[PDB]
Amino acid sequence: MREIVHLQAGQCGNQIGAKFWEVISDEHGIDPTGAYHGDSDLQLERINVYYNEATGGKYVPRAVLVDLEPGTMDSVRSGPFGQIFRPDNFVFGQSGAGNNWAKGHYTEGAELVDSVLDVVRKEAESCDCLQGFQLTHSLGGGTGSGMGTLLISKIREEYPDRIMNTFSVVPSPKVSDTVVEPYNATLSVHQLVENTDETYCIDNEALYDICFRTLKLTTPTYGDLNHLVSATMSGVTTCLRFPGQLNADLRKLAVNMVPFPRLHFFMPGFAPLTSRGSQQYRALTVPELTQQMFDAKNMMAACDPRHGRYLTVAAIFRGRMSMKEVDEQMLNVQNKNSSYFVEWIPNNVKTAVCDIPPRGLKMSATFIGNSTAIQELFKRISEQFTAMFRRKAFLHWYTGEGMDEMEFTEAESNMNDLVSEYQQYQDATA
Amino acid sequence: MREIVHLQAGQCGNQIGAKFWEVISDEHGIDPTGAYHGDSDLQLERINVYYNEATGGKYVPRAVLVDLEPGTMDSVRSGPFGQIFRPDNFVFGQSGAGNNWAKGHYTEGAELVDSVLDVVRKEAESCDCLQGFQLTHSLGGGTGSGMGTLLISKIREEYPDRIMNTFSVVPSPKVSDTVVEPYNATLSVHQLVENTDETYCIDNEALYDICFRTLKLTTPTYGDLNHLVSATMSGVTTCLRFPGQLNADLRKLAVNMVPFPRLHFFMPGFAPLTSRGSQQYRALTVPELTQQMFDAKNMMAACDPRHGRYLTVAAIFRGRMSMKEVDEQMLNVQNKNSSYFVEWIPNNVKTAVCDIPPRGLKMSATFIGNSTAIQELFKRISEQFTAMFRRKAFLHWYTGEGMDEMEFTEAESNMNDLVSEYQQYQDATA
Amino acid sequence: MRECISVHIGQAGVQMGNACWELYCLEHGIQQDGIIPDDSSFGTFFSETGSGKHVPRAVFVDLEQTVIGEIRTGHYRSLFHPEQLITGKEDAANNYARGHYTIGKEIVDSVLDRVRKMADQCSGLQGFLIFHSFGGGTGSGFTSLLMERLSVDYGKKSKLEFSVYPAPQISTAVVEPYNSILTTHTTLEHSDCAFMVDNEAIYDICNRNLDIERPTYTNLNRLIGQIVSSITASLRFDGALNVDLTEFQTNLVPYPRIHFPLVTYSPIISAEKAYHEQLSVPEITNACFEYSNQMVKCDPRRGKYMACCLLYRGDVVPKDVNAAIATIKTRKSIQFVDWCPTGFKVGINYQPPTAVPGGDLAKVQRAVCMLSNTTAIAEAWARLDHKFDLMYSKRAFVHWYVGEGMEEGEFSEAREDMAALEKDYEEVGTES
Amino acid sequence: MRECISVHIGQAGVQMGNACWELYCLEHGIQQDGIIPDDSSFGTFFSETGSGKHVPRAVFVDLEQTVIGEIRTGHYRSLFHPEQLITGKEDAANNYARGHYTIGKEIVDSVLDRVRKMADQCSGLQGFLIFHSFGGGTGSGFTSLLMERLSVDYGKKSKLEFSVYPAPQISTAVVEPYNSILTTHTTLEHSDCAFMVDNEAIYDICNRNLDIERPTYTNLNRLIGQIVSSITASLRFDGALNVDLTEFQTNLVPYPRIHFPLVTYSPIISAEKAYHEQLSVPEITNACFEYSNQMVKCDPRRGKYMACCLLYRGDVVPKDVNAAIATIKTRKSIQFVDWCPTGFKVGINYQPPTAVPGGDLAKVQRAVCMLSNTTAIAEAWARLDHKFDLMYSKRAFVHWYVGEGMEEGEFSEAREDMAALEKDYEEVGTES
Ligand SMILES: Nc1nc2c(ncn2[C@@H]2O[C@H](COP(=O)(O)OP(=O)(O)OP(=O)(O)O)[C@@H](O)[C@H]2O)c(=O)[nH]1
Ligand SMILES: Nc1nc2c(ncn2[C@@H]2O[C@H](COP(=O)(O)OP(=O)(O)OP(=O)(O)O)[C@@H](O)[C@H]2O)c(=O)[nH]1
Ligand SMILES: Nc1nc2c(ncn2[C@@H]2O[C@H](COP(=O)(O)OP(=O)(O)O)[C@@H](O)[C@H]2O)c(=O)[nH]1
Ligand SMILES: Nc1nc2c(ncn2[C@@H]2O[C@H](COP(=O)(O)OP(=O)(O)O)[C@@H](O)[C@H]2O)c(=O)[nH]1
Ligand SMILES: [Mg+2]
Ligand SMILES: [Mg+2]
């Protein structure tokens, strides 16, 4: 019950998703062949949240893998935990999008979206009680930015009441990996602000800092980054799967984290994160976990909360803990940093405590923060977008696929309005 | 009791029939030599429905094989399960029909039909209680279209009350395999609408889709297609041969499936159909079987039901199942797709549940749907027929065999009327 | 001394009968044959022979021969008399005309003779129990044909019938409205009391109260088997306040054309959740009046009760029965028609219901079967008549019926009669 | 004879209930099941069955199904009746509108029926015990929905509720002020007496007096379990001066809209430091009036007392109780309102409180539970209303509530009602 259906997109989503399903399968005792060999029976009670059952103990993830190119999934199915997925769920075309939002959304993905929906509806209709849709993609690419937002609009129009949460990789400020990022980001964001309930903004540059600074990793592959993203995606959906002293459903977070309809962009975090040599110098207790959760150096988004104020916050703990400690620490954080929390919200923290921790850890915690400092990210993209758009830097690649320059102006105006709205609610009462 | 006598025709019927008798013999434990070696005694209790008995445990099918050319049957008798048939039942001429309906019906088959009837009457008179006649042929050929309809008229005039069901292969819309298909189809249909009780329209193109899409077969021979047709022909005649929680006789289906006398054209289906690699990702339960039964991609006819409305439907299940599930699923389908079902019929589903499933399957189901969308098939043939007939495209081959142009006009008018009637009953009350 | 002739028509009746006679044989120590191992009240249902073999006093008739052919091969092959099991050439094919006019005419003279050979073998004839389907085929045509034949050969003898009434939403045949109305029109004047059950209603009960998500037809029949045992327990066993089959006619049927009671059976409880239930008399008595426990998917509170028969079993104290009924009479939600101040007929029996091995019901101590005649069933007839009106307006399937012995007019006469009956139910439900 | 129906709503109520029914089973010799080993006053809370199984007279209801699903797998899986445990599809998501208007509507008709099946099974109905959270979700909407339904079906029957009132500083949800006011507005006219507790206040007590730096929710619940046992000890056990649940209404509620007593439990002492304490009646009685021992973080001396119920237990002499209360009345710091010269209701019971194995409280000899109605709680309402005013002024989270069955106006009506109640508390606290 309260089933979640996972949607992929592009190379980023498919790579992140493949790691998410390896982590989830690990905490539920699911072998790469699909059989269950867990020890605790609790991990099997709510296994229906992500997995469908079959004969012989085989469990099939409720995942839909889609890309405009099959090279990425062929890697997915060939790699570990790739044979787990249902073959019919690999929906793909032949000609990929050239990192342009127009092709993925209007031309290339348009003719393939129907094939995906026919799999989504079939997956959704098998759920006793559908909780929501989970999408992993990237705003800087073409498939994820274009097709991922096309799917979002299609599903929202078909399942208006269900919760839709997106874990989107955002372009980094320091260095880019695609020359047309401002166009893909601006156009993709124009869709997200209207057709999703809670977007978890992350960027690789921030995860590079975490691996370099905290984990002291000298050879951080994309597998290491994707594991970090996987852990936070597992954290926000643990109450649905395990019991605890205080539960938090996805809609429970959205209600507590989204004051206004359009301010639904979150910057996640995780704890504990320690190197292999620094593990023997740590207490591993609630007071320190809460300390690094709010540390700006331990957040998976570029924007620093110190530059703005927290509208709201969520702290989904895991492992058996003293509820007294948890509340005292959250209150302690609230008192010290009273300047960092918006004042017209008397309480800015939503708490939850799951009983079962991730494998190999006695304790854990996932941080979710809706901060007005996120306005920096969108404002930075606006500056890049308007720079290129001022002299038709690359439009012909977009307008030739069916787009129009008017849509470019509308997307920029909408993003600027959102930045204005985030700034407006950063000021105190009256 | 309730014996069925099987009639072949042409190369299509003889090839389909040879596979049908291999499947039937498999579920009754009949060896290719005619001996019985089944395990369950139930498959032997009603073996008289298709087989006649002889000394030494030999069982002889009640089949009549006829073609205007012996090349096809010589393949039948030389192949497996060919020595099973009674040699006297191979009734054939020397000069075949050149894929023209006129030759098979008026000239070539006319002089040979009497030889067939003398075998049909001899077969029928050996039945304790004759249920009906089963004919397999093709509307695009010359023997099946011409002679098969000539036999139909002869038997209907000789056994007016018995049920006559035809499993006719219909020309595909995409590509043809005979230049004169519109003439053979139109003339053959002119006879079917008046002299048969229930026609099961199928086309190869649809079966090509099923093998390509569902079964993921890369080398689909005609043996694979004929097996699909065999399974549905076995399904509709399982209640006569095995017990179940709820039985459905051939006349039971005809009453529930044919509201008006002329609307007796059905588009069958089958389930489960899964590839060899996708079997381990399926539950194999009633809810999913009923789901793909009504899927337009799993039907053995080109016409898509979404373009029209179901007048009636039948769902002959096989295997031990929960009757509660079956009724709930049929009701569930009825509620969701209320637009697809005609409204002046309060209930559009006829259900049946046989206890014994096909060999190697725990569960199965056969779908039969009388849909107004079938009007597309006949309308498409009408467009092709009138195109050729407008300028005497190939008439001289037909009028030279004894036909007349008046018969061509009458056949087209009758087919157009049937299309009109199907369209008329697609509109709601008043 | 007492007797009951059981006639089982069609696949429904035959399969329902299989459960009934598996229960009766169990209620009497019988051993799946006519033999009783090395047990005295059986005489009401079982005839006895000098060999020590007890022969059920039932007639199995079907035009189809697959269901009965399974009995002859089943575990009860050596129980029934081979000539009791009557099979035909070809079924009625969901057509009322075939069952009543063409195929029934070739078997009715055969089943009626075997009934005759049973009627004259009884020390005293009490009535007939008819099991059949309302969907159609044999159950709709053959029964109405047989009912008219019994009405003349036996006249005033009681004729009780158990009908599997069509469900509101669930359906298994496309022409049920034709068969349902046609059989009803020809059975109103020849039937005394028809007990109704719906497959959908029992489907709800089997999962809502018995914890089973996979009810087969065997499960429903075993539930119906208990009801008939309770109805005939007074004849079969001793009790404090007995009731006879001829008493139902007067107690439940105020008017000749209004004889369609509902059915109920309160302690339908899973074995596991029975450990947490007291199962006292007042509570089970109240369960009978809940829409959640009716065996027909018709809500009693949509109408007014007109008569009720409470047939208790097992450890029951008549003082408790008096109290429970008194409280139920007090409740305003439970509304009885004004012209029937005397609303209840009560029957108490000392024999607790027996549980079939491999069954689903719990080993209850006391049980109550309620047979209530209500105006709410008028809604079901109106719904059924609407479905018939839709099809007939288009002559959707008429050609099948007209061409097999029937006629066009009979459709109009049958429907107008149902209109009159629906009108009659309205007049009965109004006062002053 | 006496009875109490316990309704547990939400995660708080369900988890608080787990502690309550672990204590009751221990207070009656029950063995974690309905069985009692080879113990007579249980009848007030436990229904009895012929099997020797005692069934708690409680209803567990939740829209979420994780907490209750843990009970079904817990040690008390075989204690509760399976149909008592009611679970929904999807939780209320900290939204009052979902609990009251959209999801509650689909379960209320189910829980109310099971309450009905309990109310009519009692020799005499005394009142309802409601356990729920004030933070929000099911506890705020479903309860106010259920409370209104009980108010009509049962009218004047006593309705006592135990609420986990929001703490002043500590908070676990962001929209508590919306849920707290909305539920209060819809429960003032349908509730008799609401006993308040705060997580923060018990957190202070659990470390300040019990020597524990790691209180879980289990520890708080076990403390609340003792209080409810004391409140219902008079019904469950014999005593010198008993008190009945219907007595609280008149003794503590001077006015219909002012029915929010605080709670206290004096001998909350560690086992080790109990060896150095006399634990005499006068000292524990004085502890009840100290701000350091209140179970709600509201200081009594900021306001005036209006009514007090002292429910003693164990070895207690009524002469000592008379003396201790006399001295407390003498103290000027302990101020009672002038218009209530008669300030105390007293109850004495002979049963000492029982200690749960694995618990934290000491094996005390005598204990007192104090239920005091004070004007000081007016400060808490004012603080709560301020938080609501801040959020609502910006419409911080309104779109969630408006879009799930509620309306914009209800925010204004709920808040103004709270303003009137805060005004009422001021008028009561002033004289002449
Ligand atoms: N309770 C119950 N109902 C059954 C059973 N079998 C069939 N029915 C009901 O019977 C109805 C249709 O009438 P049938 O008994 O199937 O048909 P028939 O009486 O054999 O008459 P024919 O059509 O000639 O075969 C269906 O709608 C079923 O609900 C059964 O085993 N148990
Ligand atoms: N004393 C105590 N309080 C609890 C416990 N669990 C939750 N609470 C309180 O409940 C308050 C919030 O209401 P919840 O009970 O969590 O929510 P709910 O009643 O389940 O309603 P939903 O939001 O729909 O889930 C929190 O502020 C907690 O203080 C518990 O085990 N013991
Ligand atoms: N963490 C992570 N980020 C990725 C991965 N692959 C691509 N990205 C990011 O995705 C962006 C490129 O867009 P991409 O998804 O490859 O284009 P698409 O295939 O059309 O969706 C860049 O910002 C990359 O940093 C991956 O495997 N892991
Ligand atoms: N499925 C199937 N279809 C066939 C087979 N042989 C012929 N057909 C179809 O029959 C049509 C040709 O007519 P045919 O039967 O060969 O002419 P006839 O011998 O005079 O009846 C074409 O539409 C073919 O697709 C066969 O073995 N299997
Ligand atoms: Mg039948
Ligand atoms: Mg909850």
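Chains as they are written, first to last, in PDB author numbering: chain A, 1 to 430; chain B, 1 to 430; chain b, 1 to 38, 45 to 438; chain a, 1 to 38, 45 to 438. Even for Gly, the Cβ is constructed at its ideal location relative to N, Cα and C.
If you draw a straight line from the Cα of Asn298 (chain A) to the Cα of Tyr310 (chain A), it is about 16 Å long. For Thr55 (chain a), the residues of chain b that pass the 9 Å Cβ criterion are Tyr281, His282, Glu283, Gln284 and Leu285, in the order they occur in the chain. With 16 or more other CB atoms across the displayed protein chains lying within 10 angstroms of its CB, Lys59 (chain a) is buried.
When the beta-carbon positions are compared, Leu139 (chain B) and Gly104 (chain B) stay at least 8 Å from each other. Its chain contains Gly29, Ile30, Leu44, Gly57 and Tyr59 as the residues whose beta carbon lies nearer than 7 Å to that of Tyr36 (chain A), once the 5 sequence neighbours on both sides are disregarded; these appear in chain order. Here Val67 (chain a) has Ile9, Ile92 and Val117 as same chain residues with Cβ atoms under 6 Å from its own Cβ, once five neighbours each way along the sequence are excluded.
Shown here for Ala200 (chain a): same chain residues with a beta carbon closer than 7 Å to its own, the five before and five after excluded, namely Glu167, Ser169, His265 and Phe266 in chain order. For the stretch 264-298 of chain B, residues whose beta-carbon sits nearer than 7 Å to a beta-carbon of chain A comprise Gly277, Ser278, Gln280, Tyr281, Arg282, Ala283 and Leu284. Relative to ligand 1, the beta carbon of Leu135 (chain b) is positioned no closer than 7 Å to any heavy atom. Taking the Cβ of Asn18 (chain a) as the reference point, every heavy atom of ligand 6 lies at 7 Å or farther away. Counting the other CB atoms within 10 Å of its CB gives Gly365 (chain a) a total of 16 or more, which places it among the buried residues. If the five residues before and after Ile74 (chain b) are omitted, its C-beta is found closer than 7 Å to the C-beta atoms of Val14, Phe66, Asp68, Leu91 and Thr93, all from its own chain and listed in chain order.
Just measuring C-alpha positions, the residue of b:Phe48, b:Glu22, b:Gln32 and b:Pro37 sitting nearest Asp244 (chain b) is b:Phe48.
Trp101 (chain A) places its beta carbon 8 Å or farther from that of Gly34 (chain A). In terms of CA proximity to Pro363 (chain a), a:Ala19 leads the group a:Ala19, a:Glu416, a:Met1 and a:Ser6.
Within the stretch 118-139 of chain B, those residues whose Cβ lies closer than 9 Å to any Cβ of chain b are, in chain order, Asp128, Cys129 and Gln131.
Within the stretch 156-200 of chain b, the alpha helix (DSSP H) runs of at least 4 residues that lie entirely inside it are, in chain order, 182-191. Scanning the stretch 254-308 of chain b from its first residue to its last, the whole alpha helix (DSSP H) runs of 4-plus residues come out as 287-293. Across the set b:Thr79, b:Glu70 and b:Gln31, the C-alpha of b:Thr79 shows the shortest separation from the C-alpha of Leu42 (chain B). Distance between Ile163 (chain B) and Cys127 (chain B), taken at the CA atoms: about 15 Å.
Under the 10 Å beta carbon count, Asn256 (chain B) is surrounded by 16 or more other beta carbons and is classified as buried. Of all C-beta pairs linking the stretch 313-323 of chain B to the stretch 351-358 of chain B, three or more are shorter than 8 Å, placing the two stretches in contact. With a threshold of 8 Å between beta carbons, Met1 (chain A) makes contact with chain a.
In the structure shown, the three-state DSSP call for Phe260 (chain B) is coil.
Distances from the CA of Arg120 (chain b) to each of b:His81, b:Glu76, b:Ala64 and b:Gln71 were compared; the closest alpha carbon is that of b:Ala64.
Distances from the alpha-carbon of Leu187 (chain B) to those of B:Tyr422, B:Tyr425, B:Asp427 and B:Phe408 put B:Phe408 closest. Membership of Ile155 (chain B) in the alpha helix (DSSP H) is indicated by the continuous run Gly148 to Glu158. Between the alpha carbons of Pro80 (chain B) and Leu117 (chain B) lies a distance of about 27 Å. In this structure, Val76 (chain B) has its CB at a distance of at least 7 Å from all heavy atoms of ligand 4. When beta bridges are read from the DSSP output, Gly96 (chain A) appears opposite no residue.
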